[PDB]
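**Student:** There's a structure below that I have some questions on.
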Amino acid sequence: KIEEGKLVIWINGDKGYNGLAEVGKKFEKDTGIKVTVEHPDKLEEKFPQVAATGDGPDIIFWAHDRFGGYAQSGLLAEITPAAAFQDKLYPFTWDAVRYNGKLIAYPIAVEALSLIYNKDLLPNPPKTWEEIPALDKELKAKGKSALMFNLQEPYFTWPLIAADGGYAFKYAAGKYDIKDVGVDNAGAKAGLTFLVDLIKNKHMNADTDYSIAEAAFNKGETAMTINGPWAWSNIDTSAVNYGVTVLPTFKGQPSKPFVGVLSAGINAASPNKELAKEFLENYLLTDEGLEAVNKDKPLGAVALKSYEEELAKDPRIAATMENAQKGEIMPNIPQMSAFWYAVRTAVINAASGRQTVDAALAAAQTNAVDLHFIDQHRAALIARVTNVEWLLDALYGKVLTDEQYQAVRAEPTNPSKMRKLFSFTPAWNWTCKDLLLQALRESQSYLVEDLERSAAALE
Ligand SMILES: OC[C@H]1O[C@H](O[C@H]2[C@H](O)[C@@H](O)[C@@H](O[C@H]3[C@H](O)[C@@H](O)[C@@H](O)O[C@@H]3CO)O[C@@H]2CO)[C@H](O)[C@@H](O)[C@@H]1O
Numbered sequence: 001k002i003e004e005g006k007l008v009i010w011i012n013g014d015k016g017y018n019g020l021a022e023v024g025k026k027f028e029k030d031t032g033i034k035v036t037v038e039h040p041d042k043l044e045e046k047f048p049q050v051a052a053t054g055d056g057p058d059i060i061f062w063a064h065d066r067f068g069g070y071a072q073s074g075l076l077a078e079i080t081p082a083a084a085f086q087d088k089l090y091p092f093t094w095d096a097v098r099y100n101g102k103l104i105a106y107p108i109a110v111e112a113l114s115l116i117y118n119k120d121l122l123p124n125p126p127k128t129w130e131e132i133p134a135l136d137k138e139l140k141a142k143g144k145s146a147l148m149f150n151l152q153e154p155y156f157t158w159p160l161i162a163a164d165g166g167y168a169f170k171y172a173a174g175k176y177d178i179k180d181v182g183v184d185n186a187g188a189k190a191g192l193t194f195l196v197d198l199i200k201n202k203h204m205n206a207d208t209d210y211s212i213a214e215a216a217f218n219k220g221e222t223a224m225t226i227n228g229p230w231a232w233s234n235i236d237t238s239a240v241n242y243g244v245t246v247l248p249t250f251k252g253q254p255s256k257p258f259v260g261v262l263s264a265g266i267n268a269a270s271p272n273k274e275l276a277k278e279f280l281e282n283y284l285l286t287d288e289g290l291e292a293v294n295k296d297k298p299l300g301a302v303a304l305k306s307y308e309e310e311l312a313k314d315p316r317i318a319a320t321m322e323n324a325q326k327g328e329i330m331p332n333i334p335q336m337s338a339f340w341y342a343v344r345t346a347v348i349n350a351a352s353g354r355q356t357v358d359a360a361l362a363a364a365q366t367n368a369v370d371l372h373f374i375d376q377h378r379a380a381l382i383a384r385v386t387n388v389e390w391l392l393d394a395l396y397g398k399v400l401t402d403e404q405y406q407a408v409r410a411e412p413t414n415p416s417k418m419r420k421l422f423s424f425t426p427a428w429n430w431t432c433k434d435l436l437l438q439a440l441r442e443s444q445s446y447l448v449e450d451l452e453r454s455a456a457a458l459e
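Heads up, the final residue of the sequence shown is numbered 459 in the entry's author numbering, and it's a clean run with no missing numbers.
See the structure below:
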């Protein structure tokens, strides 16, 4: 369904998709080829479902951590840049898009979280995490708060979890050891325990998400946030005089954010592989194309040597790279998505007091290499489950409360009912998710078996 002779691109909604569209309207202005830029919700979860059916985009943009799983699933075309083009990008970015010795995507830009602070509220940002509670007590007297950031995505809390010793998968003897997971060790527990103590002492709210924290910082209600380069654009538009600096230390050790390399992969099922090769090598990864995107939403430290040189003088980019050097490059192994789902649940349940830090991380450690059926097939289940009330009755009193049950029933359509149902699942642990799978098996076995079958077809 990917029609030949055009280019469809998926990029995340927080990136500069209008800047990328400008690169595509010039590509169309030169070669006659139309390119459409799209930013669907959960594109990175849907791509494995739509690529295998000959749909989805020609080019998918995401951070490199998802790409090893796509490559293992046969969903990405091997990219064959010349040795002369490879020299235009830094070698460590090519390493991030290398899976089994082969290049599976084009590196675009290096991303790391930084501490972003309001210089009018906070001329001297805290050097340590341990200072933040006293800061917040001082700024609550003025009607403000110290810090707000997204607690719903584990990416934003990971720098604190890794500071004192948490890690994802240990790199040993040239490869990531998936039997050596570090999310429930003492250092991980110490970091998450500090986060929980911030919530307990009313220095943070467990409900804070991306838009709440962005709105709070950009309206001058909070003195700091934690975010990446893509967010700077909306702060420039605000009236906030902001700085970008090193993340606070924790127990005297740097916060260790996971470093992402924004990357562009080519659908293995695309009949436009060489039109995507030419758009990526000759129109995006130029100084002109990267500036069209970076001027929409900043990219961070771009992988193209010639343009990075120009932008490296930005103190915001210098701070991004200081944080990046204290952190670690994300693995790209297929187990990363299961790892992220496991840590999302642990962080959300610890923050809300539904689990202790110890229990939440112990559960995450056990599940870090196994991707659950309903997480893998969320979008297809929303679209294709037909008897929602039967699932609701099977979950009532085990996994669904009456307040949750009523919220789902109040939704008008089956996809919107399932959407609402799935909005509760980040807090469910493995056995709760198993209950939904067993209910689906009893009422719609053909659907489960269909999804299982197509997943195995990728191996
Ligand atoms: O929490 C569930 C979530 O886990 C996985 O998402 C992770 C991304 O794979 C990972 O790249 C990182 O995402 C951040 C991007 O790197 C960055 O460009 C920017 O957009 O912020 C993103 C975080 O919001 O971290 C997330 C985990 O937080 C998995 O791929 C998702 O499908 C899954 O929903």
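For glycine and all other residues, C-beta sits at the position ideal for the given N, C-alpha and C.
Only counting the same chain, and skipping five residues up and downstream in sequence, which positions put a Cβ closer than 8 Å to that of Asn241?
**Tutor:** Closer than 8 Å at Cβ, skipping near neighbours: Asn118, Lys119, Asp120.
**Student:** Roughly how many angstroms lie between the CA atoms of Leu392 and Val399, to the nearest whole one?
**Tutor:** Taking the straight line from one Cα to the other gives about 9 Å.
**Student:** What three-state label does DSSP hand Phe258 in the structure shown?
**Tutor:** Here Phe258 sits in strand by DSSP.
**Student:** Pick from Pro315, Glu291, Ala319, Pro298: whose alpha carbon is nearest that of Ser306?
**Tutor:** The shortest C-alpha separation from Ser306 is found at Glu291.
**Student:** Give the secondary structure of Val246 by DSSP, where H, G and I count as helix, E and B as strand, and everything else as coil.
**Tutor:** Of the three classes helix, strand and coil, the one that applies to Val246 here is coil, per DSSP.
**Student:** Report the partner residues of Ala109 according to the DSSP bridge assignment.
**Tutor:** Answer is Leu262, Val302.
**Student:** Could you give the DSSP three-state label for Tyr283: helix, strand or coil?
**Tutor:** Three-state result, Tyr283: helix.
**Student:** Are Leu160 and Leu195 closer than 8 Å when you measure CB to CB?
**Tutor:** Their beta carbons are under 8 Å apart, which means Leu160 touches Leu195 by this criterion.
**Student:** Within 7 Å: the Cβ of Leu147 and any heavy atom of ligand 1?
**Tutor:** No, the beta carbon of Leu147 sits no closer than 7 Å to any heavy atom of ligand 1.
**Student:** Check whether the stretch 336-351 touches the stretch 275-286, taking contact to mean three or more Cβ pairs, one atom from each stretch, closer than 8 Å.
**Tutor:** At 8 Å Cβ cutoff, the stretches do not touch.
**Student:** Any heavy atom of ligand 1 within a distance shorter than 7 Å of the CB on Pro154?
**Tutor:** Result yes, Cβ under 7 Å from ligand 1.
**Student:** Within a Cβ cutoff of 6 Å, which residues of the same chain sit near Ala168, ignoring the five residues on either side of it in sequence?
**Tutor:** Excluding residues within five positions, the ones whose Cβ falls inside 6 Å are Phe339.
**Student:** Can you look up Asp402 in the DSSP assignment and give me helix, strand or coil?
**Tutor:** In the structure shown, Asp402 sits in a helix (DSSP, three-state: H, G or I).
**Student:** Any heavy atom of ligand 1 within a distance shorter than 7 Å of the CB on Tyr405?
**Tutor:** Answer for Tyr405: no, Cβ out of range of ligand 1.
**Student:** Counting Cβ pairs, one atom from each stretch, are 3 or more of them under 8 Å apart for the stretch 430-447 and the stretch 359-378?
**Tutor:** The stretch 430-447 vs the stretch 359-378: in contact.
**Student:** Nearest by alpha-carbon distance to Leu435: which of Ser416, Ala457, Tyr396 is it?
**Tutor:** Of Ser416, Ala457, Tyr396, the residue nearest in Cα terms is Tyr396.
**Student:** From what residue to what residue does the beta strand (DSSP E) around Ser233 run?
**Tutor:** Unbroken run through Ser233 is the alpha helix (DSSP H), 232-237; no beta strand (DSSP E).
**Student:** Buried or exposed for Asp207, please, with buried defined as at least 16 other CB atoms from any protein chain shown within 10 angstroms of its CB.
**Tutor:** Looking at its Cβ environment, which holds fewer than 16 other Cβ atoms inside 10 Å, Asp207 is exposed.
**Student:** Could you check what DSSP says for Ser423 in three-state terms: helix, strand or coil?
**Tutor:** In this structure, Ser423 counts as coil in the three-state DSSP scheme.
**Student:** How is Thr208 classed by DSSP in three states: helix, strand or coil?
**Tutor:** Of the three classes helix, strand and coil, the one that applies to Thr208 here is coil, per DSSP.
**Student:** With DSSP run on the structure shown, which of helix, strand or coil describes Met336?
**Tutor:** Helix at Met336.
**Student:** In chain order, what residues of the same chain lie with their CB nearer than 7 Å to the CB of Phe424, ignoring the 5 residues before and after it?
**Tutor:** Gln404, listed in sequence order.
**Student:** How would you write the range of the alpha helix (DSSP H) that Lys29 sits in, first residue to last?
**Tutor:** Counting along the chain, the alpha helix (DSSP H) containing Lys29 begins and ends at 17-31.
**Student:** If I'm right that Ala141 touches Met224 with Cβ under 8 Å, what's the distance once you round it to whole angstroms?
**Tutor:** At roughly 17 Å, the Cβ-Cβ gap does not stay under 8 Å, so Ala141 and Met224 are not in contact.
**Student:** Return the bridge partner residues of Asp177 from the DSSP annotation.
**Tutor:** Looking at the DSSP assignment, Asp177 forms a beta bridge with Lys170.
**Student:** What does the Cβ neighbour count give for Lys15, buried or exposed, with the cut at 16 atoms within 10 Å?
**Tutor:** It is buried - the Cβ of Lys15 has at least 16 other Cβ atoms within 10 Å.
**Student:** Could you work out which residue in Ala407, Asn387, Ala303 is closest to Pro107 when comparing CA atoms only?
**Tutor:** Nearest option by C-alpha distance: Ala303.
**Student:** Would you report the Cα separation of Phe373 and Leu437, rounded to the nearest angstrom?
**Tutor:** Cα-Cα distance, rounded: 7 Å.
**Student:** Would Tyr17 be called buried (16 or more neighbouring beta carbons within 10 Å of its own) or exposed?
**Tutor:** Counting Cβ neighbours within 10 Å, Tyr17 comes out buried, since at least 16 surround it.
**Student:** Just confirm the distance between the C-beta atoms of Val8 and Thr36, as a whole number of angstroms; I'd bet it's less than 8 Å.
**Tutor:** Correct: roughly 5 Å between the Cβ atoms.
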